[PDB]
Amino acid sequence: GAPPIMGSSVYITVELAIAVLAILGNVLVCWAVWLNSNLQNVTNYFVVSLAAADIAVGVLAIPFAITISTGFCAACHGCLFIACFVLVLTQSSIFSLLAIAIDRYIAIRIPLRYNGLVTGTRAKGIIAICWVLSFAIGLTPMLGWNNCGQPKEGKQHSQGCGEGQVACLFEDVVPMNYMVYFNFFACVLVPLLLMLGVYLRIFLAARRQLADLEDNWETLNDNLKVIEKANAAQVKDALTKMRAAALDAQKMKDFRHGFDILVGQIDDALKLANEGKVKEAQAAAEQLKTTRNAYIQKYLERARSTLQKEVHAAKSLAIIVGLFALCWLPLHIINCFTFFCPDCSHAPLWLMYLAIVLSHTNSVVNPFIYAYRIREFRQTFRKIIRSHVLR
Ligand SMILES: CC(C)CCC[C@@H](C)[C@H]1CC[C@H]2[C@@H]3CC=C4C[C@@H](O)CC[C@]4(C)[C@H]3CC[C@]12C
Ligand SMILES: CC(C)CCC[C@@H](C)[C@H]1CC[C@H]2[C@@H]3CC=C4C[C@@H](O)CC[C@]4(C)[C@H]3CC[C@]12C
Ligand SMILES: CC(C)CCC[C@@H](C)[C@H]1CC[C@H]2[C@@H]3CC=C4C[C@@H](O)CC[C@]4(C)[C@H]3CC[C@]12C
Ligand SMILES: Cc1ccc(C(=O)Nc2nc(-c3ccco3)c(C(=O)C3CCOCC3)s2)cn1
Ligand SMILES: CCCCCCCC/C=C\CCCCCCCC(=O)OC[C@H](O)CO
Ligand SMILES: CCCCCCCC/C=C\CCCCCCCC(=O)OC[C@H](O)CO
Ligand SMILES: CCCCCCCC/C=C\CCCCCCCC(=O)OC[C@H](O)CO
Ligand SMILES: CCCCCCCC/C=C\CCCCCCCC(=O)OC[C@H](O)CO
Ligand SMILES: CCCCCCCC/C=C\CCCCCCCC(=O)OC[C@H](O)CO
Ligand code: NA
């Protein structure tokens, strides 16, 4: 078994490489939102909170990981802080990702209430509350749910640690019942399933609304055929069904003018039908075809286009949740094997290190997803790189 420092040097060089990239990419997300008022919306205040957490992975969590890989002597509680700090940043990340999912759900379910419900001031209060709770949840072991009462006495003597000191190793100070039941099941796995459920409700809500728009459009076009097939109470029933469906599409000016004309043309055809002038009502009904073209088809296409953008945007933010789950799951599955299967062989050291590195890599990927999938970030990223790196 080779000298530890050789494999130690690979791990550390890789961790520092990740730290550099996590800082630069996330500082760019923050710089972007700062410079571009098109990126200054409540969704992006949670994107910045998540960027801040990923900066703190590079500045603090990776230096801590490096430090704790040495097994240096420390007072147990100072060891606990170094061991648990990254759990604060993961919890802060779960909260930001959950808030973004709920924000997007509100934006698609009740867009007319969104601006009055989700403001900057409330979003900042929520972010502040979520950072407090993330410190409380991630440093719980420091409240006394910890192995500091039961030091490894053989490691403590072989490394020449002093009174009160331990060999600082994550798995010697953080209980696995905490890491599995409390950190994984309650604080990570339940919130990811909840976010899965909200994204499912966004995609369904979008699909039902696109359907309703296609449906309304088909009633008009269908009922034009029901009118144009020569009875007068027959035309009345088709016209009564188009007046419901014109209203339902409605429920500023270029917009609200098309529908005024439309209900105008329908009520005109209605008056003729009540009187009983079938032929007049049929001619009255063909004017509508022209109002459909120059107005109604424009509203429909615009409503479809907005919903499709919400679907694409919601796909992009869900890719970010998937990549979080992917990057952290291996470390959680390893703790689950350690806890639930004490007869199972432990993961080799090299694979522990790979699981840790994969977890840090999550703090690099988000800036790439914004660059690839969101025009406004991408364009802002060029302006900033062209100005400040080109020059
Ligand atoms: C503003 C930010 C950057 C400040 C960062 C402070 C960090 C580096 C400080 C705060 C608390 C500190 C720990 C507190 C106590 C101990 C126990 C001791 O036996 C070994 C050092 C150790 C483990 C310290 C390491 C450094 C530490 C983690
Ligand atoms: C929805 C998905 C992503 C959640 C992840 C499921 C996790 C919790 C599952 C997947 C594989 C599972 C492990 C598979 C095998 C064993 C061996 C057994 O002797 C103890 C339980 C243990 C260790 C399981 C614990 C739970 C486990 C880690
Ligand atoms: C999901 C993508 C990113 C790939 C990662 C897959 C994860 C789930 C795999 C990669 C290597 C795997 C580990 C490899 C070896 C062992 C030792 C054995 O005694 C128990 C299972 C355990 C601890 C495995 C658990 C699951 C594991 C961590
Ligand atoms: C047999 C064995 C040894 C070590 C471990 C172990 O270290 N699990 C571990 N799980 C996690 C974890 C985090 C989230 C879910 O899980 C770790 C870390 O994020 C540490 C990496 C170094 O900086 C200190 C934090 S460390 C588990 N089982
Ligand atoms: C989401 C997309 C992420 C995709 C990116 C891939 C993730 C892995 C990254 C780099 C590989 C680093 C390999 C080196 C890992 C450490 C291995 C090691 O140092 O060996 C330890 C030795 O055994 C101790 O004694
Ligand atoms: C704004 C950017 C600032 C970012 C800040 C960068 C931090 C400095 C870089 C690496 C620290 C590496 C951690 C030091 C680990 C030392 C391990 C140790 O102390 O070993 C004791 C010895 O093993 C007893 O026997
Ligand atoms: C890329 C820009 C980076 C920004 C500037 C930061 C430079 C820090 C350089 C090296 C950190 C390595 C620290 C070495 C600490 C580990 C010493 C050690 O391994 O302890 C002895 C033995 O392993 C006990 O078990
Ligand atoms: C923007 C602000 C930048 C802030 C930058 C912060 C970087 C933190 C660096 C290292 C973590 C601390 C490493 C802890 C080193 C412990 C060494 C120790 O305690 O040694 C005791 C004894 O020597 C055992 O043998
Ligand atoms: C100690 C254990 C703590 C562990 C941390 C667990 C986090 C769970 C917290 C909140 C879940 C929120 C439920 C999300 C369900 C969807 C809500 C929704 O759809 O809200 C729309 C409404 O219109 C809004 O105004
Ligand atoms: Na993160």
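Both ligands and their constituent atoms are indexed starting at 1 by order of listing. Only this structure's heavy atoms are used, side chains among them; waters, hydrogens and symmetry mates stay out. Index from 1, following the sequence.
In this structure, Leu50 CG and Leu89 CG are separated by 10.5 Å, a value rounded to the nearest 0.5 Å.
Salt bridge status for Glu228 with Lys289: present, with a side-chain N to carboxylate O gap under 4.0 Å.
Taking the centre of each ring, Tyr299 and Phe259 come in below the 6.0 Å mark.
Residues with a heavy atom under 4.0 Å from ligand 1: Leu60, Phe64, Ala74, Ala75, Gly78, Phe81, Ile82. At a 4.0 Å heavy-atom cut-off, the residues surrounding ligand 7 are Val20, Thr70, listed by chain and number.
Applying the salt bridge (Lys or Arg N to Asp or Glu O under 4.0 Å) test to every pair with at least one member in residues 196-218, sequence neighbours left out, gives these pairs: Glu214-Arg304.
Scanning for salt bridge (charged side-chain N to carboxylate O under 4.0 Å, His left out) contacts around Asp237 gives an empty result, with sequence neighbours left out.
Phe46 is listed as a side-chain neighbour of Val42, based on a closest heavy-atom distance under 4.5 Å.
Of the two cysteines examined, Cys76 and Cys148, the SG atoms meet the criterion of being under 2.5 Å apart.
The 12-atom threshold is exceeded at CZ of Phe185, counting heavy atoms of other residues, nucleotides or ligands nearer than 6.0 Å.
Residue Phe339 is tested with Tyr181, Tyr178, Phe184 for a ring-ring contact (aromatic ring centres under 6.0 Å, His included); the sole match is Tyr181.
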